[PDB]
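Student: First the structure, which I've put down as structure tokens, then a few questions once you've had a look.
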Amino acid sequence: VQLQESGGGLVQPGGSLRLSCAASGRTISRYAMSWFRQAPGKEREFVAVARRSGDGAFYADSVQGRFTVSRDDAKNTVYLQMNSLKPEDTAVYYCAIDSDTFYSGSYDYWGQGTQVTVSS
Amino acid sequence: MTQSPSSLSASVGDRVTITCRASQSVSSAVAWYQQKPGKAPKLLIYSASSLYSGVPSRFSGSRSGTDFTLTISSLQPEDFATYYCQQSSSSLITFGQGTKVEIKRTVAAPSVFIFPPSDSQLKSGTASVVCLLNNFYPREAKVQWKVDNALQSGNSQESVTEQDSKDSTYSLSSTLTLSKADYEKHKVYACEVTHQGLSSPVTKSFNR
Amino acid sequence: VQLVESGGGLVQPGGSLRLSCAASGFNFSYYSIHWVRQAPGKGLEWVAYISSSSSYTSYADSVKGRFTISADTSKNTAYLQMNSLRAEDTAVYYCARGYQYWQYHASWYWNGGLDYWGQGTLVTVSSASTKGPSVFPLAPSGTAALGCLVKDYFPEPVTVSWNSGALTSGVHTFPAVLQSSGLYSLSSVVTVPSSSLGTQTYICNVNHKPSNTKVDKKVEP
Amino acid sequence: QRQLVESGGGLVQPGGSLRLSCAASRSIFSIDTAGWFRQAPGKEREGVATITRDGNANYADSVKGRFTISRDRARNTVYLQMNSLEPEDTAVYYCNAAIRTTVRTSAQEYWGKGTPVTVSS
């Protein structure tokens, strides 16, 4: 199983990016897919989770309202639409598969991450 | 009867749908009931499409295919309870396993605490070890007991609170019960917790 | 239209017991009576059905044979007669009005439903006798948690307060769970400021009325 | 009270129409006085219409304009045609009767079993 994040980059405050996470070796349709982020030296922190279609998306306090997670099951890809970006959002963003279909966060597979830098 | 969604989360005023898979019964039309915690279930919809006299108009029926569904158009802050579908049959009806709406709220990871058995209890011949997962959301969590790093099975029980009316969280207790003699054979007592809000398991432990 | 259940105490396994469903108001010879059961913390489950006469009676496989329904239009009353009670039948039984000819009707486009529900009695099967809890501290080791373990009592309920009701914020008294002994156990916990542990006293006040048990337990760091 | 058999109920969109027909079980001489009752799921058995020996067609006070009782003296069968239905007329529609078996035996009541009628999209 492999995950690959893309879509990061340098973006101005208030601006928008859309991160993508492409999975191979695993059908994502049965699994929740989550986004985490890690600023240097800090702990890797939860951002968002897209559960299976119909089971809802959930978000961290810091990104609620500005970020939206969404899924393309057919293409084994999950997305993080990031609007109204803040300096505080600068981090490496990571995608992870929840291997537990009952949603207990058994994150066995992780991507390598994609850098997001929000500054002018 | 198998209601498809089982823990449908939602926020106030929005629209939600709930479906009851016809388990290829006689397929006589469903009749949705509602029940709040610890009270008498009320009627909501009979013959799958009509309302019960004196029931707010937010509700609705639908007879999509052979998958009967209910749709709350706008969610009043009052409607938060378990819902039941009831299909007739040849000569015995049967209620569905039932789903339960709940209040949307941004994920909260548990705070974890461990408690050793008291000397008073031990002197009586039993050791209860308690692990507390406090104020978390959503409800799903796992507690694993390890005793000298050995995973335990069959000697613990869990209780979970009802959702808190103010902060919409749960708390959970796991109690490991050992004989005094078994308790005194081991040193390290650990409860290891996972939850979707935790990036890595949280372990709380003590040395006997 | 006031259905009323009655007749629920405590039974030894395999025993027998009657349950009374007093009706009122509606012309009783027009409506059926259903007994809908609910285990603790599960979904409802249909159990029996009696019409005006005794010429109509279905049943549910769970109590097929073990249960005898009966009617008496003299006092609009309906009676359930349970025998060979099993350890699991512990439940909260109901009543429910509903159409008389509810079979000849039911079809792919109509389902009468259960209009008026009672309030429920609590049958409970056990071998278990009345017993007050043992109360043990859950000692604390910027928020601390502490508590009391309230163990091996029967029947429900118990109450737990903290500092004689002066401490209410952050208290969680867990739902009781039945142990393999057939006795209940629960913990009551509270989170408090860690900086308070040295100078604030924490006492859980446990009351189990069925046994007249009252225990104050000081919970020390 | 059996040996009467209504028939004809069935799903119908708002504003449709349909004809229920109380009947008899076998070779009945005459139907003195009919009557069609309604027992919607949260109310009491109301009553909707009443023919008499010869003809009176007395109705309720909420239905005049849509419900046309009748009789069929040939094959003893009371009729009831409801027209331009509404979502408030959902109920099971019982039938009453005053059957008299043979030309000299006194009258005798009879109730039906009724049929359902649902109105919705």
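Scheme for the structure tokens: letters A, B, ... for chains in order shown; per-chain residue numbers from 1; ligand numbers from 1 in order shown.
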Please report, as a Markdown table, each residue of region 37-149 of chain C lying at most 7 Å from region 187-196 of chain C, together with the nearest pair of atoms and the separation in Å rounded to one decimal; use only C-alpha atoms, and order rows by chain and ascending residue number.

Tutor:
```
| residue | atom | partner | partner_atom | distance |
| --- | --- | --- | --- | --- |
| C:142 | CA | C:194 | CA | 5.3 |
| C:143 | CA | C:193 | CA | 4.6 |
| C:144 | CA | C:194 | CA | 4.9 |
| C:145 | CA | C:191 | CA | 4.3 |
| C:146 | CA | C:189 | CA | 5.6 |
| C:147 | CA | C:189 | CA | 4.0 |
| C:148 | CA | C:188 | CA | 5.3 |
| C:149 | CA | C:187 | CA | 4.3 |
```

Student: Could you tell me which residues of chain B sit within 6 Å of chain C when counting only C-alpha atoms, and give me the result as a PDB file with N, CA, C and O atoms, in the first residue's frame?

Tutor:
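File written: iface-v8.pdb
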```pdb
ATOM      1  N   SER B  27     -42.755  -7.340   3.063  1.00  0.00           N
ATOM      2  CA  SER B  27     -42.566  -6.002   2.541  1.00  0.00           C
ATOM      3  C   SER B  27     -43.778  -5.132   2.780  1.00  0.00           C
ATOM      4  O   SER B  27     -43.992  -4.160   2.059  1.00  0.00           O
ATOM      5  N   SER B  28     -44.597  -5.473   3.765  1.00  0.00           N
ATOM      6  CA  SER B  28     -45.670  -4.572   4.137  1.00  0.00           C
ATOM      7  C   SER B  28     -45.081  -3.309   4.733  1.00  0.00           C
ATOM      8  O   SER B  28     -44.106  -3.356   5.481  1.00  0.00           O
ATOM      9  N   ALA B  29     -45.672  -2.179   4.377  1.00  0.00           N
ATOM     10  CA  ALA B  29     -44.999  -0.903   4.532  1.00  0.00           C
ATOM     11  C   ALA B  29     -44.606  -0.660   5.976  1.00  0.00           C
ATOM     12  O   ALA B  29     -45.253  -1.138   6.907  1.00  0.00           O
ATOM     13  N   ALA B  40     -41.451   6.248  26.621  1.00  0.00           N
ATOM     14  CA  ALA B  40     -42.333   5.428  25.827  1.00  0.00           C
ATOM     15  C   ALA B  40     -42.189   5.802  24.367  1.00  0.00           C
ATOM     16  O   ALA B  40     -42.413   6.964  24.017  1.00  0.00           O
ATOM     17  N   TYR B  46     -47.149   6.158   9.858  1.00  0.00           N
ATOM     18  CA  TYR B  46     -47.749   4.867   9.584  1.00  0.00           C
ATOM     19  C   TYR B  46     -48.076   4.769   8.109  1.00  0.00           C
ATOM     20  O   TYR B  46     -48.343   5.773   7.454  1.00  0.00           O
ATOM     21  N   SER B  47     -48.058   3.549   7.594  1.00  0.00           N
ATOM     22  CA  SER B  47     -48.193   3.296   6.168  1.00  0.00           C
ATOM     23  C   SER B  47     -47.158   4.045   5.351  1.00  0.00           C
ATOM     24  O   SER B  47     -47.396   4.366   4.194  1.00  0.00           O
ATOM     25  N   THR B  94     -41.787  -7.140  13.604  1.00  0.00           N
ATOM     26  CA  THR B  94     -40.474  -7.130  14.227  1.00  0.00           C
ATOM     27  C   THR B  94     -39.828  -5.775  14.047  1.00  0.00           C
ATOM     28  O   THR B  94     -39.769  -5.259  12.932  1.00  0.00           O
ATOM     29  N   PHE B  95     -39.336  -5.210  15.134  1.00  0.00           N
ATOM     30  CA  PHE B  95     -38.742  -3.894  15.080  1.00  0.00           C
ATOM     31  C   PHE B  95     -37.320  -3.970  14.565  1.00  0.00           C
ATOM     32  O   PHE B  95     -36.610  -4.948  14.778  1.00  0.00           O
ATOM     33  N   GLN B  97     -33.286  -2.901  14.145  1.00  0.00           N
ATOM     34  CA  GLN B  97     -32.220  -2.690  15.110  1.00  0.00           C
ATOM     35  C   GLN B  97     -32.106  -1.233  15.515  1.00  0.00           C
ATOM     36  O   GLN B  97     -31.559  -0.935  16.578  1.00  0.00           O
ATOM     37  N   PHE B 115      -6.172   3.981  37.600  1.00  0.00           N
ATOM     38  CA  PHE B 115      -6.321   3.899  39.055  1.00  0.00           C
ATOM     39  C   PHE B 115      -5.938   2.503  39.520  1.00  0.00           C
ATOM     40  O   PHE B 115      -6.606   1.522  39.128  1.00  0.00           O
ATOM     41  N   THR B 161     -20.777   6.460  29.314  1.00  0.00           N
ATOM     42  CA  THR B 161     -21.823   7.367  29.698  1.00  0.00           C
ATOM     43  C   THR B 161     -22.724   7.691  28.499  1.00  0.00           C
ATOM     44  O   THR B 161     -22.371   7.487  27.321  1.00  0.00           O
TER      45      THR B 161
END
```

Student: Do you know which residues are at most 9 Å from region 81-89 of chain A counting only C-alpha atoms, after dropping those on the same chain fewer than 2 positions away, and could you put them as a PDB file with C-alpha atoms, in the first residue's frame?

Tutor:
```pdb
ATOM      1  CA  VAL A  11       0.478  30.402  -0.912  1.00  0.00           C
ATOM      2  CA  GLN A  12      -0.468  33.819   0.310  1.00  0.00           C
ATOM      3  CA  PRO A  13      -2.536  34.443   3.457  1.00  0.00           C
ATOM      4  CA  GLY A  14      -6.180  34.268   2.558  1.00  0.00           C
ATOM      5  CA  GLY A  15      -5.352  32.100  -0.450  1.00  0.00           C
ATOM      6  CA  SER A  16      -6.414  28.600  -1.453  1.00  0.00           C
ATOM      7  CA  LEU A  17      -4.811  25.246  -2.182  1.00  0.00           C
ATOM      8  CA  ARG A  18      -6.209  21.797  -2.798  1.00  0.00           C
ATOM      9  CA  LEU A  19      -4.199  18.851  -1.529  1.00  0.00           C
ATOM     10  CA  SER A  20      -4.664  15.428  -3.074  1.00  0.00           C
ATOM     11  CA  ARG A  37      -0.139  18.062   9.554  1.00  0.00           C
ATOM     12  CA  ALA A  39       4.896  21.841  11.821  1.00  0.00           C
ATOM     13  CA  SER A  62      -8.228  25.029  13.948  1.00  0.00           C
ATOM     14  CA  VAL A  63      -9.527  24.370  10.411  1.00  0.00           C
ATOM     15  CA  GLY A  65     -15.071  26.162   8.279  1.00  0.00           C
ATOM     16  CA  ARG A  66     -12.044  26.807   6.059  1.00  0.00           C
ATOM     17  CA  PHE A  67     -10.959  23.337   5.053  1.00  0.00           C
ATOM     18  CA  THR A  68     -13.094  20.676   3.407  1.00  0.00           C
ATOM     19  CA  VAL A  69     -12.169  17.004   2.957  1.00  0.00           C
ATOM     20  CA  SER A  70     -13.734  15.124   0.058  1.00  0.00           C
ATOM     21  CA  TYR A  79      -8.761  15.806  -1.177  1.00  0.00           C
ATOM     22  CA  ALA A  91       3.138  22.498   7.935  1.00  0.00           C
ATOM     23  CA  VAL A 116       2.255  23.919   2.671  1.00  0.00           C
ATOM     24  CA  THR A 117       3.740  27.322   3.363  1.00  0.00           C
ATOM     25  CA  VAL A 118       1.396  30.247   3.967  1.00  0.00           C
ATOM     26  CA  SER A 119       3.245  33.536   3.852  1.00  0.00           C
TER      27      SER A 119
END
```

Student: Run DSSP on the backbone and give me the residues of region 33-103 of chain D it puts in strand (DSSP E or B), as a PyMOL selection string.

Tutor: chain D and resi 35-38+49-50+58-59+67-72+77-83+91-97+99-100

Student: Tell me which protein, DNA and RNA residues are within 7 Å of residue 81 (chain C), counting only C-alpha atoms, leaving out same-chain ones fewer than 2 positions away, and put them as a list in words.

Tutor: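 Using only C-alpha atoms, the neighbours found are residues 17, 18, 19, 67, 68, 69, 79 and 83 of chain C.
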
Student: Write a file of the selected residues as a PDB file, in the first residue's frame, keeping C-alpha atoms.

Tutor:
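New file out.pdb:
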```pdb
ATOM      1  CA  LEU C  17     -45.321 -14.220  37.024  1.00  0.00           C
ATOM      2  CA  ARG C  18     -48.396 -12.406  35.775  1.00  0.00           C
ATOM      3  CA  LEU C  19     -48.465  -8.970  34.196  1.00  0.00           C
ATOM      4  CA  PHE C  67     -45.726 -17.576  27.641  1.00  0.00           C
ATOM      5  CA  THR C  68     -49.509 -17.612  27.945  1.00  0.00           C
ATOM      6  CA  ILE C  69     -51.458 -14.525  26.998  1.00  0.00           C
ATOM      7  CA  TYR C  79     -52.777 -10.576  31.340  1.00  0.00           C
ATOM      8  CA  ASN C  83     -43.261 -19.360  33.075  1.00  0.00           C
TER       9      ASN C  83
END
```

Student: Report as a VMD selection string all protein, DNA and RNA residues lying within 9 Å of residue 77 (chain C), evaluated on only C-alpha atoms, omitting residues in the same chain fewer than 6 positions from it.

Tutor: chain C and resid 20 to 24 28 70 to 71

Student: Just the residues within 7 Å of region 141-150 of chain B, please, counting only C-alpha atoms, with nothing from its chain fewer than 2 positions along; format it as an MDAnalysis selection string.

Tutor: (chainID A and resid 104) or (chainID B and resid 139 152 186:195)

Student: Which residues, written as a list in words, have at least one atom at most 10 Å from residue 97 (chain A), with only C-alpha atoms counted and residues fewer than 4 positions away on the same chain left out?

Tutor: residues 1, 2, 3, 23, 26, 28, 31, 32, 33, 34, 35, 49, 105, 106, 107, 108, 109, 110 and 111 of chain A

Student: Just list the residues in region 77-158 of chain B DSSP gives helix (DSSP H, G or I) on the backbone, as a count of residues only.

Tutor: 5
